[PDB]
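K.L.:
coordinates for the following, if possible.
(chains A, B, C and D)
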4 protein chains.
Amino acid sequence: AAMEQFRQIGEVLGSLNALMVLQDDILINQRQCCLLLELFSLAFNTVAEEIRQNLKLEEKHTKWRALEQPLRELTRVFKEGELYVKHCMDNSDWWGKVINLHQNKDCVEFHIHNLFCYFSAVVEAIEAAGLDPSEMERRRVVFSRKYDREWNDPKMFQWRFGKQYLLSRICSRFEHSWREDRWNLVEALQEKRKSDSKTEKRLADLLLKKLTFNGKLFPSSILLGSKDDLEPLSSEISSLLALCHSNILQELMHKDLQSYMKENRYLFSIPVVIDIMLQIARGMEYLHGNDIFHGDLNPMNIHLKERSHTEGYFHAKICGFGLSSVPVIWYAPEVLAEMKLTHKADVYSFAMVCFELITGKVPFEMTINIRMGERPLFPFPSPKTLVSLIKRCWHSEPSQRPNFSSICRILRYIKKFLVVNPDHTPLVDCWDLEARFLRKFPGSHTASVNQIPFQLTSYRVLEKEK
Amino acid sequence: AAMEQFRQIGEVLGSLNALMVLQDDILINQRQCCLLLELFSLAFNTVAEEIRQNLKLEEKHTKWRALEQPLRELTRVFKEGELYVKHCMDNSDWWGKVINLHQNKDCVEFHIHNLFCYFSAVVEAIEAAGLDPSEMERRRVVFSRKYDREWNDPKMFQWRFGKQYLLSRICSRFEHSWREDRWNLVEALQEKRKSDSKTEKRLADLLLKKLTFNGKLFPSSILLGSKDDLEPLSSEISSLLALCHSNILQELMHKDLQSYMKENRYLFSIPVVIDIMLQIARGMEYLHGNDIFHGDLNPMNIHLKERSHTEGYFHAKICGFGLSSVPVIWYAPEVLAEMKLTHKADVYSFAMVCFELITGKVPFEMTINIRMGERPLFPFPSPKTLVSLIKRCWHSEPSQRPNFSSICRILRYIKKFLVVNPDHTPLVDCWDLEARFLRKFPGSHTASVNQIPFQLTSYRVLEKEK
Amino acid sequence: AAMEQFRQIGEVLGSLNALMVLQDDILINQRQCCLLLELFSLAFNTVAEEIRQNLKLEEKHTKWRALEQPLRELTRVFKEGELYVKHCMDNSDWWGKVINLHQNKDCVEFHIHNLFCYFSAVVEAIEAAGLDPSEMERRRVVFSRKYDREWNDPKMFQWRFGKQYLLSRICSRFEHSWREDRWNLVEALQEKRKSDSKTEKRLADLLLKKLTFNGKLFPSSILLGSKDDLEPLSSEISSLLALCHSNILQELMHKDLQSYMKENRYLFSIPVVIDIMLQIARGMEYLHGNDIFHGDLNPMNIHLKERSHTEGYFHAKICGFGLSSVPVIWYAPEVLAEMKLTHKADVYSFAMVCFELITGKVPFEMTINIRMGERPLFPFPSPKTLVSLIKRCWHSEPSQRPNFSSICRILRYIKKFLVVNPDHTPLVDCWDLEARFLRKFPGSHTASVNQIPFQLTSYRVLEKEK
Amino acid sequence: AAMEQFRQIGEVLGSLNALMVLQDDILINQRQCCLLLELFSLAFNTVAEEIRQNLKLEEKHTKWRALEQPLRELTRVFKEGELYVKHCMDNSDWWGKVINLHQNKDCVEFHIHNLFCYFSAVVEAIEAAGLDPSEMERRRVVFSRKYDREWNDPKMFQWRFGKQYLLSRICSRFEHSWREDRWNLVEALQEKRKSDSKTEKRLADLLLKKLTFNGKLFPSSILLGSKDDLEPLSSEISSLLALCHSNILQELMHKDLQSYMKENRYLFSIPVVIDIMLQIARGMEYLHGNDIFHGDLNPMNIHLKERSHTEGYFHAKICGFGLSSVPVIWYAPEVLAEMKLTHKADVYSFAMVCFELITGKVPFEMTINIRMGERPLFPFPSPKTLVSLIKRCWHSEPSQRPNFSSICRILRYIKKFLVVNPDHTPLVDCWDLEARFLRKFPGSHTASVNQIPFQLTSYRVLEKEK
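P.N.:
Residues are numbered from 1 along each chain as shown, chains lettered A, B, ... in the order given. Here you go, the structure:
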């Protein structure tokens, strides 16, 4: 039930607030998770406010039916966030907790990332207008002018709708949180190491130095080894230690993708297939945030996991990109020419990975044909939206295949469209719309979460213009 | 789990707040239920604050175990309150909703009554002290002085602990709420009747007049009669219309007690038996709040119900007290002398009713013996606390049996003691303690909910003195 | 200084809040003045917010210069409100305080009335745009579309700008405040009269009955008479007791107008002249709110006063309208025909009164000429805006002269225009603009303060269309 | 007037809040001054709350007279704080503003230091009890038990009164503020230097490095010299750069003391004399916070200033302590033995300085006599409290003269006593009381502002025991 789903948001947010009110016991977050609490409270309050202002609270079972899917996805993301706060509140091996936790976590930004990617289902809250016969027209034209061509700009948007889509002037707050946690952590570490009163202190010093290169000093971590790096060269390749993102195994992957594939008979919905694609992308171009190139990408290198209380949703990272010291059908066509670590080239692998996910079948029932450009074809059952995006990347020229920034946002747009329509036409081929946003407005090596409300809207605006 | 129970409070309160944020659609409350939301938020916030201040958030599974039962009862009462808010938010027969709802409801005060009767399980939050060895003594003596003999006074208490036990200077707020609802209601009724545009309006006028005697004008209520008052005399007996309390069927009783008895083999725990007793008392002396005397009380006149999401708890009212126009073993011994509507006499019936509830067996396997004073005796299995209270009332002299005020509060004290100790000695015979509070401090025709924090504490103070 | 004026708002509001935090001692308001505190805090917070959002806090002395006059008038009204709260907080003759105070006060609504009439100098806060050269155009066109022809509607406005111009859904809150004060008052009166323990109680009963006709029972008010009603007939003429407004002497007028005139050599600025006119109008048509007609209006019947900390501003009421039991140059031309208590006729007197105020000279250096329609002419020094309004009313036909509703709002529009422009062309003759608002939208026996934001805006919108 | 003084607090706090609501324009504070706003709002709210709870708002002119002096001093400190926020909000030479401002400012902690030193005039708010005759005794004994001997402990106090004397668990908040300002500053500096687009950037790099030793690189600061360090040795003596306190000229002293003396005929009240003493002490032992010893102290080295809107109050620093590369009557008696940079020795100079301040006359109308121990004697007019403290320090043994920690707090106790009693016996010689606090509880190289509520109370407790 629609309104009932809202009460679920209330329940989850109350749970979060109850857990958080006993705050000062945390020694890692309480400056990250506090941001989560504030953002979630703001989101709930603003969706409640806009409901109260633009709906009428009598037709609880007749003319709210459109609200179901978006609010359900919202309870999912809220639940996901609360569970992260829980795992950060656990009392389990404080030292191992420090290690596993944020030196390089950013799970808070990942969660708010999903929150943003789905909050733009405020477009639902706008379906209340669709009592008074003349009024309906007023609301329609109001929203129409809210979607006018002259409204496409970071400044103009961020000023005319900042408070409707959660953007304050606390856009820069996220980074301050990412910082004060660090200093509380090092203060606690110094307190521990100098107020020690075996070998725990030694780690602290090694650990404290990292937050102050490549320490990697001692086997002091005796490393009691369960089931399952050769020379002191390429030391500078240890920067890896400064590539933090919740889509990159900085610690351990539960299982990989190719493993999860061969016994997969469909387990991936268009609504987890698209997601499984995005967590890669959202995480991919952060590599280019330091210009590092994965080079070889394969389902043997994408470590998925389980999303807890979700309908099969998984959080995936990417492993093996680092470590450049030591079948080819997963290589790029241009990297067939060895007879190739272009930023552009990696898309062929990304596309190739998605090729499996959609179909669930590995490419081919030949290498020379790949250079020519002939490519395997997906089945009739596969949907129109997914197929168009992969094929465009599929083209042989390396420049004509789109970068990750040019491919992440368009995926998340598909997400918003799906969440808006539980049933099943897609608007248009997605690629054409992106070019517009890419075409003029563009001119961005890395993108942060603040841009999501704008990017999501621009397509809504751009799409109307056609 | 203790802390887990708290998260349940968070969930319930979030549910309530989500339902309430869509407020203005209500046409009966939104000045009563708003009081509920404010009080519940204050209760949650203050228990959270005192937890954060007097506990330490690491021993989540070791030294909080004492918190379980009180917080569980708290989630019960919170749940009960949310469900009332729901029933008031329902969209079902707005006119019948107006009738059934508050002209004489007071369900808000009944709910806050239970909330007060159980919040004094803040004494649990004081068990955190029972890390630092010297500190434990400090907290013990602090609480000891919090329980000093020189602290027994409405003013001194209400000033030195008002904010710890929820009492503001919004003690008088409750009545203002009970009022503004009325005026919003009559304003909506006038709007409806004068903006009518069959016979709905006629009711309004009759209904509006009541809130402006005995209208009872017409059979305009055609009264489509399901399964199942003789002359125009004793018109003044219609005051009944001004006796409002959520423990008195002002509209219909689902089932009575004697009905629920004969097939009852125990269904009543000491923790619902005591409660079933109290809802009577809490509701009994409100009759004396207008000096009306029930006279004849029998399980054939106590209409119990179901408490929804509770462990068999029921909300009961009293029916047949009014209507004075038209076996004796349920009569008082002094009203054996007919060969008798004393306020004192009714206790014999109340006691007699409780006599069944404890034992579950009707008195006797004789009337002359009752005048003499011989009385039936309860079995060995029955607990010590319940037996002492009934027997004292049982005594033949009508003056030596205690009034309802003198018997309600002592029952609720047993409630607090039980909630504090899930296992199973009782402190002392309860009657001795009441006499002390009754003995000097007393000097009270009616009592309101504000007095509950004080009354509950006084026994804790009085009991220590012994 | 512009920003400095804002700090003055801060100072005044802090003063108000400090006085109000010691609230419960008040026995008349604390439900009226509390509304004042809430409204003023909201006004300050929202002007601060919109400043922070649409200005840049560096050009504190260069590009804020336009903000001076509106914010200065704002500190005036805030100061006026605080002083009212003071007079209500005074400890002076609690009984006389009750009498003089709200049985029929409405000073709270009068204050918020001025607050609304001047807050629409938010148009100033919009002058910040007038750093980035392209941006200025964006803000200009944004505001332009904020002033589009398709935006003229109570619903559409009250929904699309309610929070920018203070209108909540607490528009109806004002009346609830006007009510709960009454009931706190009667509760205190009952407490006093029944807990009396000479003749003070007798008044209470007489006073309590009025709030429960024409009591006017006894000379119990011995009436110790200072310097300075004949028979028991026309009893029904005592309704006067139900005509409450802060522009009508319900208790005593310090001085009248004609008195203040002959020695007045200009004391009335266009900015107090217009105001002196409005307080009449705002107060005039409330008479028609019960259809009562003043009939004869003269500067010998307008009791002005002093506005405390203001630049000569005065609060005026109207006396002698009631009492219908027992030179003509102040009579209407049609009431020359006696050889006449039309609602329309009174305008001639109102206009005639304004005729003095502008010029400061009584009409004429003749009665037959007045019937013909010849009228005295104001001097060249008098401004264009004031002259156009009086002359239109001046016309002989009684129907073609505008009603008070049709003349109050247009005056207050002149107020907003003046406050917006300290220097000195007027936009257009004011009368033409009103006809538009009057022409279709109209279809209003009485108007309340909630309509002011809309009415003020409509002219801004209507004026652009021309 | 007492209550009127409160309204002044309201005015000042409103001024502060109005200035602060336009926050993000600040590029130095907005993490320091924000702490000021929060603390001041908390202080105002809590004094208002305790007034409302323990006073009665009718005797506004009779039984509040005791509140005058403490609340007046409070408006002073609030005003002082607002003016600091102003100077930090000024738009004057952003670069010079950065230099002069907090690299080593701590003015926020200095202001809150005065706020704490005077808030313990909450003891006034306790004078309301001194209507009901029996009640007065209740309040007296309540406060008595609030001052029981068993209550002397950091934990017990900080837990049983933390919220009454402003101490949260935001005691550690102060340091976080002192930090985030730094990082916002370096972020803005990096933004400026890398987005430069003459020689301003060079400074930034030098400046940025300091916040990352002794740079002191270039005369790039051309140093346009007004009216009015020899070799590259003792480089390590540049630590001075890490000795930050608002009582130590880190930049320029307006005037010194000896200058201000010879024409001073009294200008120093016991209420600015004591203060002038304290700002030294509060600032003195921070030198021992890095063990540095001033060695030679003279009115030729104490640079006083003007306290703006205060009654002659001045903020003084200490200059010349650093720079150890290159009449004796101001030297310590033991440093007469040269025929001496003890931490103990400096007191003789401090005492000697105070000796002037009290009397206003330099010591003597002889050196050999000083070794013997004969000392100049102050006049009969000088008060008893000041004389006892200086004389004890005056004793010849260097160990028997008290350290700064042992002498700062006792001075501030005199402050509280004076503020509590505008008229004029002192309680006892102050020195005896300190020994008690010093005697057991002590066991503190440096003390921070958090300790002030406790230290101030302990004397109140200790003094009662006698």
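
K.L.:
now the strands for chain A?
P.N.:
In chain A, the strands defined using DSSP state E lie at A:302-303, A:317-318.

K.L.:
highest average neighbour count across these?
P.N.:
strand A:302-303 (a mean of 22; mean count of other C-beta atoms under 10 Å in any protein chain shown). The way it works is simple: take the backbone N, C-alpha and C, and place the C-beta from them, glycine included.

K.L.:
contacting residues around that strand?
P.N.:
Strand A:302-303 has contacts (C-beta atoms under 8 Å, 6 or more residues apart in numbering or on different chains) with A:249, A:253, A:254, A:255, A:256, A:257, A:280, A:316, A:317, A:318, A:319, A:353.

K.L.:
okay, now the sheet partners of that strand, with direction.
P.N.:
Its sheet considered, strand A:302-303 pairs with strand A:317-318 (antiparallel) by DSSP bridges.

K.L.:
so what touches the strand it pairs with?
P.N.:
A:246-249, A:253, A:280, A:283-284, A:294, A:297, A:301-303, A:305.

K.L.:
just the buried ones from these?
P.N.:
Neighbour-count burial (16 or more other C-beta atoms under 10 Å in any protein chain shown) applied to those gives A:246-249, A:253, A:280, A:283-284, A:294, A:297, A:301-303.

K.L.:
what's the most distant pair in those?
P.N.:
Farthest pair in the buried ones among the contacts of strand A:317-318 (C-beta to C-beta) is A:246 and A:297. Separation: 18.5 Å.

K.L.:
please flag which of the contacts of strand A:302-303 sit within helices.
P.N.:
Among the contacts of strand A:302-303, the members found in helices (DSSP state H) are A:257, A:280, A:353.

K.L.:
quick check: the first one touching residue A:314?
P.N.:
Right, residue A:257. No - judged on C-beta atoms under 8 Å, residue A:257 makes no contact with residue A:314 at a distance of 9.4 Å.

K.L.:
can you check which residues contact both of these two?
P.N.:
Common contacts of residue A:257 and residue A:314 (C-beta under 8 Å, 6+ apart): residue A:304.

K.L.:
closest one of the buried ones among the contacts of strand A:317-318 to chain B?
P.N.:
Distance ranking of those against chain B, using C-beta to the nearest C-beta, places residue A:246 first at 25.0 Å.

K.L.:
tell me how far residue A:203 lies from residue A:223.
P.N.:
Note on residue A:203: its distance to residue A:223, by C-beta to C-beta, to the nearest Å, is 13 Å.

K.L.:
which one's more surrounded, these two?
P.N.:
residue A:203 (19 against 7; other C-beta atoms under 10 Å in any protein chain shown).

K.L.:
find the nearest non-adjacent residue to the more buried one, please.
P.N.:
Nearest residue to residue A:203, sequence neighbours excluded (C-beta to C-beta, 6 or more residues apart in numbering or on different chains): residue A:220, at 6.4 Å.

K.L.:
what sits against that neighbour?
P.N.:
A:199, A:202, A:203, A:206.

K.L.:
ok, those vs residue B:175, which is closest?
P.N.:
Out of those, the member with the shortest distance to residue B:175 (by C-beta to C-beta) is residue A:203, at 63.5 Å.

K.L.:
need the outlier residue of chain A, farthest from its centre.
P.N.:
Within chain A, residue A:197 marks the point farthest from the mean C-alpha position, 43.5 Å out by C-alpha atoms, centre = their mean.

K.L.:
and it, how far is that from chain C?
P.N.:
Here the criterion is C-beta to the nearest C-beta, to the nearest Å. By it, residue A:197 lies 49 Å from chain C.

K.L.:
any idea how far that residue lies from residue A:315?
P.N.:
Using C-beta to C-beta, we find residue A:197 at a distance of 40 Å from residue A:315.

K.L.:
same question, residue A:77
P.N.:
Using C-beta to C-beta, residue A:77 is found at 12 Å from residue A:315.

K.L.:
number of nearby residues for residue A:235?
P.N.:
10.

K.L.:
and it, what does it touch?
P.N.:
The contact partners of residue A:235, taken as C-beta under 8 Å, 6+ apart, are residue A:214.

K.L.:
same check on residue A:260?
P.N.:
Here residue A:260 is in contact with residue A:304 (C-beta under 8 Å, 6+ apart).

K.L.:
ok, now residue A:249?
P.N.:
So residue A:249 contacts A:303, A:317, A:318, A:319 (C-beta under 8 Å, 6+ apart).

K.L.:
for residue A:427, same thing?
P.N.:
Counting by C-beta under 8 Å, 6+ apart, residue A:427 has contacts A:417, A:433, A:463.

K.L.:
please name the nearest non-neighbouring residue to the residue of the stretch 101-250 of chain A found nearest chain B.
P.N.:
Nearest residue of the stretch 101-250 of chain A to chain B, counting by C-beta to the nearest C-beta: residue A:128, 12.1 Å away. Leaving aside its chain neighbours, residue A:128 sits nearest to residue A:55 (4.0 Å; criterion: C-beta to C-beta, 6+ apart).

K.L.:
tell me the contacts of that neighbour?
P.N.:
With C-beta under 8 Å, 6+ apart, residue A:55 has these contacts: A:64, A:125, A:128.
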